[PDB]
Each structure stands twice: as structure tokens, then as C-alpha cells.
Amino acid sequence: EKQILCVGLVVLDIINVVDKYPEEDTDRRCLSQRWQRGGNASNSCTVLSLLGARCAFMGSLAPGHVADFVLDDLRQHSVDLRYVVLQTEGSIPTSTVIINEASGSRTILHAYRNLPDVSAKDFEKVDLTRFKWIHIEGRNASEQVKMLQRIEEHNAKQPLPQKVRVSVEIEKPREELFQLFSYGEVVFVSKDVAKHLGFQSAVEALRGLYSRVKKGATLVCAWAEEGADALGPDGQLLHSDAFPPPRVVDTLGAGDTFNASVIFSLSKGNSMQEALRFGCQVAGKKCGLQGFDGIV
């Protein structure tokens, strides 16, 4: 069975669930605390696996307690790990998350430093025939452009049923990541990126950014509680409302849940309109529960 590969980041999330945001200079009891594997591409693998797809994760690790936890958790979710890249310096980041139950707020404190990223040389070793879909979390764009060019060259020699589908996520507002707009059949652009580029709504972002994507691609822009929108080569602006839970309890990884669910739905042959709705449905369900496993 062909797999879906996600290339990007893994971290350890240290999660603190509170009913009031902590007052500075105090020591207070949480409602609950837990460790949770995180990172955009890593979370997307979790969701793909829960939805039933065979998937693989490619990202950097360094030996230690965090790696042991992360690898055990990936195995618990049947995620294929043959392409992880073991580094000899640095640490896997431990991000601190505060989730406020009373309001649904999500506050993240992240590492000043990240491990060396998966390079184009690392990616050269991936057997592309094992994958029906490859999703790249935008990080080190110059190296990732080389990976995407390698996939394109592979696909140029494959017949239609053997081409590898490609998606990219442009989530951080860094200009170097905008090189990625012109790769992939599906480009996920975050609300933060859209606003950094001057666009104040999903529809405005689609109309303003569509000219950057590869000919024939679809641009997707989720806009949190306002749902998600897409624009592809047929020229039709698509929109799904969000599917909010009765109470927002945990939004950590909600965007990754949306992305993975859109990928899953498209991989099963559904239209972009159906995939957008499905992504909003699964992400909204996730926002009403802790972690990911309860999306079932």
C-alpha cells in the first residue's frame, strides 16, 4: 500500500491545562498536565493515521529522552519512521503550551533553537515510489525547493496513476518560504501569512495570492472560526463554514488536523469542496477534545 509522507518538524509539547491564565510571579495548580508529541508535519501524521491512511514522517531527531518518547509515540500511531534523520548535535525542542479551558485560548512558548533541518541531500534517499502523496511543511525553503524539483522530475517519467501528489504548507510569515507557493498541487497558506502580506480575509487572500501558485494548483486558506476557503484552476471560490464544538477546549494542532484531513479527503478521490468541508469538520471536532485520538 502506498503511503503519505509528511516532511517537517517534531517537538515535544509540554501541555498545561488551566481554567485561569497564570498570574505572573505565582505558583498555581493546573487542571491537568501532559506530554504530547507535536510539530506541524508530525501532528498531520497523527491525524492521517487516525483517519486510516498509512503514513510516514521525515524530520530531524537527536538522541535522548525526548527522542525516545517521540519515536515510541510515532510507533503507537503506526507511523513509518524509516526516513527520520538522526542528528549528532542539538536537541529536539520542548515547547511549553498553556491551554485555558475557560476561554479556549492557546499560548505557546517555543525554543530559541531548532535542530538542523532535513536537507535536499537527506531527501535524495527517499524512495518516491513508496508514496502516493508527499506533504512538505515549509521550513528551509531553498532545500525544500530542491526536494520539490526532485519529485517533479520523478513524476515527469511516471504515467498518470503513478504520479506522486504534492502539497506544501506556508504557515510562518517568512519571505523565504514564499518560494514554496509555486510548488505542489495544493498550497496551504496560514491566516498569519495572509495578514503579513496585507490580506484581511480568506477570500481577499485567495484572490491576491492565487497568481503565485503553479499552473493548475489549488490555494487553501483556513481562517480559524470563520471556516476555510479555496481557489483552484476552475476559478470558483469555495468556502466551508467552521464546525465549532460546543466548547472550545484544545486548539493545539487544529490547523494540522485541518491540513491532514483535506489531504486525506483528496487522496480518497473527493472534490475540493468536499475536502474543505471534511477538513473543517474534523478540525472542529478536534477543538472540542484534548489531543487527537478522540477524532476517531
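Numbering starts at 1 and follows the sequence shown.
Annotation for 85-93 versus 207-215: the higher mean temperature factor (C-alpha) is found in 85-93. Higher mean CA temperature factor, per the PDB entry, when comparing 64-72 with 34-42: 64-72. Between the residues 143, 127, 117, 169, the entry's highest C-alpha temperature factor is the one at 117. Residues shown: 156, 98, 136, 187. Highest C-alpha temperature factor in the entry: 156. For residue 147, the recorded CA B-factor ranks within the lowest third of the chain. Only modelled residues enter the ranking. Ranked by C-alpha B-factor against the other modelled residues of its chain, residue 255 falls in the lowest third. In the PDB entry, residue 220 places in the lowest third of its chain by CA B-factor. In the PDB entry, residue 112 places in the highest third of its chain by CA B-factor.
In the deposited entry, the Cα temperature factor of residue 106 places it in the middle third of its chain's modelled residues.
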